[PDB]
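K.L.:
Sending over target16.cif (mmCIF, C-alpha atoms).
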data_run
#
loop_
_atom_site.group_PDB
_atom_site.id
_atom_site.type_symbol
_atom_site.label_atom_id
_atom_site.label_comp_id
_atom_site.auth_asym_id
_atom_site.auth_seq_id
_atom_site.Cartn_x
_atom_site.Cartn_y
_atom_site.Cartn_z
ATOM 1 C CA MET Y 2 -14.605 -34.144 -6.704
ATOM 2 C CA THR Y 3 -14.000 -32.599 -3.281
ATOM 3 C CA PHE Y 4 -10.629 -30.833 -3.249
ATOM 4 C CA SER Y 5 -12.027 -28.705 -0.429
ATOM 5 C CA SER Y 6 -12.193 -31.938 1.573
ATOM 6 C CA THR Y 7 -8.524 -32.771 0.941
ATOM 7 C CA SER Y 8 -7.280 -29.198 1.431
ATOM 8 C CA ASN Y 9 -7.038 -29.565 5.212
ATOM 9 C CA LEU Y 10 -4.865 -32.694 5.005
ATOM 10 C CA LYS Y 11 -1.896 -30.547 4.077
ATOM 11 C CA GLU Y 12 0.779 -33.249 4.062
ATOM 12 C CA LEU Y 13 -0.736 -34.736 0.902
ATOM 13 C CA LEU Y 14 -0.218 -31.494 -0.999
ATOM 14 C CA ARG Y 15 3.007 -30.640 -2.760
ATOM 15 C CA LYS Y 16 5.277 -28.331 -0.773
ATOM 16 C CA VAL Y 17 6.618 -25.402 -2.805
ATOM 17 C CA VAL Y 18 8.459 -22.449 -1.303
ATOM 18 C CA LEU Y 19 7.466 -18.908 -2.258
ATOM 19 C CA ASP Y 20 10.932 -17.610 -3.085
ATOM 20 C CA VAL Y 21 11.504 -14.252 -1.378
ATOM 21 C CA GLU Y 22 14.647 -12.298 -0.573
ATOM 22 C CA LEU Y 23 15.669 -13.258 2.969
ATOM 23 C CA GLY Y 24 18.940 -12.595 4.746
ATOM 24 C CA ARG Y 25 20.770 -9.583 6.100
ATOM 25 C CA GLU Y 26 21.820 -7.018 3.522
ATOM 26 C CA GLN Y 27 25.354 -7.069 2.172
ATOM 27 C CA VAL Y 28 27.905 -4.855 3.926
ATOM 28 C CA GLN Y 29 30.488 -2.695 2.148
ATOM 29 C CA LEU Y 30 33.839 -1.030 2.857
ATOM 30 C CA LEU Y 31 32.907 2.650 2.831
ATOM 31 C CA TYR Y 32 35.962 3.994 4.666
ATOM 32 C CA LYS Y 33 38.568 3.033 2.085
ATOM 33 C CA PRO Y 34 38.777 6.209 -0.085
ATOM 34 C CA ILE Y 35 39.357 8.351 3.008
ATOM 35 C CA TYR Y 36 42.122 6.202 4.483
ATOM 36 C CA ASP Y 37 45.627 5.454 3.264
ATOM 37 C CA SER Y 38 46.423 1.835 4.118
ATOM 38 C CA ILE Y 39 49.823 0.383 4.989
ATOM 39 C CA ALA Y 40 49.909 -3.404 5.232
ATOM 40 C CA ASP Y 41 53.330 -4.390 6.557
ATOM 41 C CA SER Y 42 52.876 -7.628 8.484
ATOM 42 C CA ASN Y 43 55.888 -6.761 10.670
ATOM 43 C CA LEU Y 44 54.278 -3.742 12.317
ATOM 44 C CA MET G 2 -43.999 11.396 -60.006
ATOM 45 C CA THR G 3 -42.626 11.880 -56.510
ATOM 46 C CA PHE G 4 -39.518 10.150 -55.232
ATOM 47 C CA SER G 5 -41.380 9.745 -51.925
ATOM 48 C CA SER G 6 -43.446 6.991 -53.542
ATOM 49 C CA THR G 7 -40.281 4.904 -53.953
ATOM 50 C CA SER G 8 -38.984 5.807 -50.478
ATOM 51 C CA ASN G 9 -40.402 2.765 -48.694
ATOM 52 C CA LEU G 10 -39.253 0.261 -51.339
ATOM 53 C CA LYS G 11 -35.688 0.142 -50.057
ATOM 54 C CA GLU G 12 -34.959 -2.785 -52.376
ATOM 55 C CA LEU G 13 -35.413 -0.589 -55.445
ATOM 56 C CA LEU G 14 -33.265 2.216 -54.045
ATOM 57 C CA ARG G 15 -29.518 1.649 -54.137
ATOM 58 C CA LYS G 16 -28.006 0.808 -50.745
ATOM 59 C CA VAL G 17 -24.748 2.340 -49.497
ATOM 60 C CA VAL G 18 -23.351 1.820 -46.004
ATOM 61 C CA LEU G 19 -22.219 4.861 -44.028
ATOM 62 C CA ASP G 20 -18.588 3.937 -43.423
ATOM 63 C CA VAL G 21 -17.625 4.446 -39.786
ATOM 64 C CA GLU G 22 -15.286 3.064 -37.124
ATOM 65 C CA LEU G 23 -17.030 0.295 -35.163
ATOM 66 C CA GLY G 24 -15.314 -1.987 -32.692
ATOM 67 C CA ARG G 25 -14.069 -2.135 -29.127
ATOM 68 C CA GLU G 26 -10.768 -1.178 -27.545
ATOM 69 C CA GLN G 27 -7.998 -3.749 -27.294
ATOM 70 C CA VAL G 28 -7.078 -4.567 -23.700
ATOM 71 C CA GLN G 29 -3.398 -4.723 -22.743
ATOM 72 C CA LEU G 30 -1.315 -6.343 -20.013
ATOM 73 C CA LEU G 31 -0.160 -3.367 -17.955
ATOM 74 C CA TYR G 32 0.984 -5.318 -14.896
ATOM 75 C CA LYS G 33 3.889 -7.190 -16.445
ATOM 76 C CA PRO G 34 6.847 -4.840 -15.740
ATOM 77 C CA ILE G 35 5.840 -4.673 -12.073
ATOM 78 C CA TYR G 36 5.412 -8.381 -11.391
ATOM 79 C CA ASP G 37 8.028 -11.107 -11.662
ATOM 80 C CA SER G 38 6.448 -14.264 -13.048
ATOM 81 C CA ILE G 39 7.064 -17.829 -11.900
ATOM 82 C CA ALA G 40 5.386 -20.517 -14.003
ATOM 83 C CA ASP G 41 4.953 -24.055 -12.698
ATOM 84 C CA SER G 42 2.018 -26.379 -13.300
ATOM 85 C CA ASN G 43 2.518 -28.032 -9.893
ATOM 86 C CA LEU G 44 1.889 -25.024 -7.650
#
Once you've parsed the file, please lay out its structure as structure tokens.

P.N.:
Amino acid sequence: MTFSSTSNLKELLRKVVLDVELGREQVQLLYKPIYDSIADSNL
Amino acid sequence: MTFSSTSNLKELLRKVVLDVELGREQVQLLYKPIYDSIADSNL
């Protein structure tokens, strides 16, 4: 009858999350084509 | 004997409908490529 009445009492209502992209952007390895890598552990 | 005498008596005169395009434009859902849809009855 009076959903406006029950709107304020939020804890009754279902909780659903508006899914949005959050989080820091992924990072890449840009340098690699320029550099020649040597990976001897005994350096 | 004039044809104007029989003008008013439309029942006597043969009836032919002037064929023509009547109607209204069909509406379309333009938004859909832009928006990403989430469907849930419990929102």

K.L.:
Once chain G is fitted onto chain Y by least squares over all its in-order Cα atoms, send the moved chain as a PDB file with C-alpha atoms, keeping the file's coordinate frame.

P.N.:
ATOM      1  CA  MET G   2     -16.621 -34.414  -1.671  1.00  0.00           C
ATOM      2  CA  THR G   3     -15.102 -31.238  -0.275  1.00  0.00           C
ATOM      3  CA  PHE G   4     -11.553 -30.142  -0.971  1.00  0.00           C
ATOM      4  CA  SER G   5     -11.420 -29.037   2.680  1.00  0.00           C
ATOM      5  CA  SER G   6     -11.144 -32.698   3.672  1.00  0.00           C
ATOM      6  CA  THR G   7      -7.796 -32.903   1.858  1.00  0.00           C
ATOM      7  CA  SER G   8      -6.638 -29.513   3.175  1.00  0.00           C
ATOM      8  CA  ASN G   9      -4.749 -30.853   6.189  1.00  0.00           C
ATOM      9  CA  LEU G  10      -2.990 -33.645   4.266  1.00  0.00           C
ATOM     10  CA  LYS G  11      -0.341 -31.346   2.830  1.00  0.00           C
ATOM     11  CA  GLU G  12       1.567 -34.369   1.528  1.00  0.00           C
ATOM     12  CA  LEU G  13      -1.227 -35.202  -0.911  1.00  0.00           C
ATOM     13  CA  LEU G  14      -1.555 -31.615  -2.123  1.00  0.00           C
ATOM     14  CA  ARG G  15       1.129 -30.414  -4.516  1.00  0.00           C
ATOM     15  CA  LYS G  16       3.673 -28.071  -2.923  1.00  0.00           C
ATOM     16  CA  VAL G  17       4.914 -24.898  -4.629  1.00  0.00           C
ATOM     17  CA  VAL G  18       7.182 -22.339  -2.977  1.00  0.00           C
ATOM     18  CA  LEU G  19       6.229 -18.667  -3.179  1.00  0.00           C
ATOM     19  CA  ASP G  20       9.309 -17.283  -4.911  1.00  0.00           C
ATOM     20  CA  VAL G  21      10.600 -14.176  -3.152  1.00  0.00           C
ATOM     21  CA  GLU G  22      13.832 -12.291  -2.469  1.00  0.00           C
ATOM     22  CA  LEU G  23      15.373 -13.486   0.810  1.00  0.00           C
ATOM     23  CA  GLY G  24      18.827 -12.555   2.019  1.00  0.00           C
ATOM     24  CA  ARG G  25      20.750  -9.782   3.720  1.00  0.00           C
ATOM     25  CA  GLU G  26      22.538  -6.731   2.375  1.00  0.00           C
ATOM     26  CA  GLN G  27      26.194  -6.975   1.415  1.00  0.00           C
ATOM     27  CA  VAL G  28      28.418  -4.741   3.535  1.00  0.00           C
ATOM     28  CA  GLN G  29      31.069  -2.628   1.807  1.00  0.00           C
ATOM     29  CA  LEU G  30      34.339  -0.957   2.772  1.00  0.00           C
ATOM     30  CA  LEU G  31      33.472   2.738   2.630  1.00  0.00           C
ATOM     31  CA  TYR G  32      36.506   4.014   4.537  1.00  0.00           C
ATOM     32  CA  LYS G  33      39.201   3.088   2.042  1.00  0.00           C
ATOM     33  CA  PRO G  34      39.498   6.286  -0.067  1.00  0.00           C
ATOM     34  CA  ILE G  35      39.841   8.351   3.112  1.00  0.00           C
ATOM     35  CA  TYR G  36      42.499   6.303   4.883  1.00  0.00           C
ATOM     36  CA  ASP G  37      46.021   5.555   3.704  1.00  0.00           C
ATOM     37  CA  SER G  38      46.958   2.003   4.645  1.00  0.00           C
ATOM     38  CA  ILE G  39      50.289   0.797   6.010  1.00  0.00           C
ATOM     39  CA  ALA G  40      50.611  -2.973   6.389  1.00  0.00           C
ATOM     40  CA  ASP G  41      53.325  -4.511   8.551  1.00  0.00           C
ATOM     41  CA  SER G  42      53.054  -7.616  10.711  1.00  0.00           C
ATOM     42  CA  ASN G  43      55.578  -6.205  13.206  1.00  0.00           C
ATOM     43  CA  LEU G  44      53.649  -3.138  14.367  1.00  0.00           C
TER      44      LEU G  44
END

K.L.:
Please identify every residue of chain G that has at least one atom no more than 12 Å from any atom of chain Y, counting only C-alpha atoms, and report them as a PDB file with C-alpha atoms, keeping the file's coordinate frame.

P.N.:
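So the final result, stored in result30.pdb, reads:
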ATOM      1  CA  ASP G  37       8.028 -11.107 -11.662  1.00  0.00           C
ATOM      2  CA  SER G  38       6.448 -14.264 -13.048  1.00  0.00           C
ATOM      3  CA  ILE G  39       7.064 -17.829 -11.900  1.00  0.00           C
ATOM      4  CA  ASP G  41       4.953 -24.055 -12.698  1.00  0.00           C
ATOM      5  CA  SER G  42       2.018 -26.379 -13.300  1.00  0.00           C
ATOM      6  CA  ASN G  43       2.518 -28.032  -9.893  1.00  0.00           C
ATOM      7  CA  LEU G  44       1.889 -25.024  -7.650  1.00  0.00           C
TER       8      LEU G  44
END

K.L.:
What separation in Å, quoted to one decimal, exists between CA of residue 36 in chain G and CA of residue 21 in chain Y?

P.N.:
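It comes out at 13.1 Å.
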
K.L.:
May I ask for the distance between CA of residue 34 in chain G and CA of residue 23 in chain Y, given in Å to one decimal place?

P.N.:
22.3 Å

K.L.:
Quick one: pull the distance between CA of residue 32 in chain G and CA of residue 22 in chain Y, Å, one decimal.

P.N.:
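Computing it gives 21.0 Å between the two atoms.
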
K.L.:
Let me have the centre and edge lengths of the axis-aligned box enclosing all listed atoms of range 9-24 of chain Y with 4 Å padding on every side, in Å to one decimal, as JSON.

P.N.:
{"center_x": 6.0, "center_y": -23.5, "center_z": 1.1, "size_x": 34.0, "size_y": 30.4, "size_z": 16.3}

K.L.:
Within 12 Å of residue 13 in chain Y, counting all atoms listed in the file, which residues show up once you throw out same-chain ones fewer than 6 positions away? Write them as an NGL selection string, please.

P.N.:
:Y and (4 or 6-7)
